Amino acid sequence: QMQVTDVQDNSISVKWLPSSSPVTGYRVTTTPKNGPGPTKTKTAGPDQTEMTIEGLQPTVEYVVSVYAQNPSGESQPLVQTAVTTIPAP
């Protein structure tokens, strides 16, 4: 379960349900679904389950992936969704 909290022209805000298993942190990945360009990564601690991703392009569809880190150090895919930025004003 993941919710998109806000979509702007250059940013996306998301919030995800906490991991069921023990978790030492999260990794959030943001990537253009179709059209090439760079992938953004940001990490959070286990008590942050929301994030705003900035520096995005307008009218681009992005995949947002959340990975959960367990104590062994493994990073496991938790939830992902596609979000499209709205156009510039």
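One rule holds for the numbers: they count along the sequence shown, beginning at 1.
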Hey, which bit's got the bigger mean C-alpha B factor in the entry, 40 to 48 or 27 to 35?
27 to 35
Where does residue 65 sit by CA temperature factor within its chain: lowest, middle or highest third?
lowest
Binned into thirds over the chain's modelled residues, the C-alpha B-factor of residue 80 lands in the middle
Just say lowest, middle or highest third for the CA B-factor of residue 13 relative to the other modelled residues in its chain.
middle
